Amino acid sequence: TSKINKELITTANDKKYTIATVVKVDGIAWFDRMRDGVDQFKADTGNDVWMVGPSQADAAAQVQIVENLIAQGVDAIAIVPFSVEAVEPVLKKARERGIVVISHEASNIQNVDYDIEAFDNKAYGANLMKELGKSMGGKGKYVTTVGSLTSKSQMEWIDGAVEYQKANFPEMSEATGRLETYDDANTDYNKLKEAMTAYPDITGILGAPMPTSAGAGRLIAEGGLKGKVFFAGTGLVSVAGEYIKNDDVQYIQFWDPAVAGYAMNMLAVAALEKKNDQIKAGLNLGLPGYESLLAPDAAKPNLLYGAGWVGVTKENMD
């Protein structure tokens, strides 16, 4: 399911490694989709890889999970942090045990061997604002969502989205502060509905974590509100396609966490095969979206991007 045609040497010699992928939450479309990725990697490599996460999204549950992994003397850790502040300790601990750490969606992380981002997050959120802005006519009031308030990427998107609006749609403004919805759609529902009857006007929703797409879709379907309240954010067609075809939510974007999952494990073995002097800018993974990597910060030269995402109202996807 990950297209592996061009590819590299994540190879040898003659060893297989044990690499766990630690994710925000095990349960929802996004990471199910990542799981196909990690598993295909196991097919194509025979490394002891698997994916694990909290039953429900929790800072402390991820921390615990990594602890388990510490206890097992695993070879690498690949983590998509729910709260970066929360895991930097147990990761520091891990590195001490000569464990390799690969991060994702966590660009300000320090204690990793490397971190990879699918794209420029500032740019990403801006593209969500560019859309939402049109829908609303660049005039109304809007509200934003994040999973954790310590999910870096999502903060970056919302930061990059607000920054656009202030420069491009100065007659719009954040109706209220950011909503922590904790990557749960039923919770994005309640928190949106709550802010609806507190600021009834609000005619725009900006969603960073995938479920918000479902959560806001649901709210728009139930009561009014098609055409009066607009949505732009991350989503998958899996969880939101019907809300798109029904005119309920107007634009969603994303990347393929299956490929992102692959890339992570590739970097993990590269590191583990001690090719650290090859994991640098311009490096080609040979995966769609990872053909040339970027290290834009001179200060964090092991912060890698990652280029390109996907926009939808033409649902070709799964």
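Numbering starts at 1 and follows the sequence shown.
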Determine, for stretches 103-111 and 88-96, which one has the higher mean CA B-factor as deposited.
88-96
Of 243-251 and 204-212, the stretch with the higher mean C-alpha B-factor in the deposited entry is 243-251
Largest Cα B-factor, entry values, listed residues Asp256, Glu291, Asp36, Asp26
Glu291
Between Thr144, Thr197, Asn127, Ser151, which carries the biggest CA temperature factor in the record?
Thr197
Mind checking which third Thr181 falls in for C-alpha B-factor across the chain?
middle
Taking the C-alpha B-factors as the PDB entry records them, is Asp159 in the lowest, middle or highest third of its chain?
lowest
Please place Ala71 in the lowest, middle or highest third of its chain by C-alpha B factor as given in the entry.
middle
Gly227: CA B-factor among chain residues, third -> highest
Split the chain's modelled residues into thirds by Cα B-factor; is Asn302 in the lowest, middle or highest one?
highest
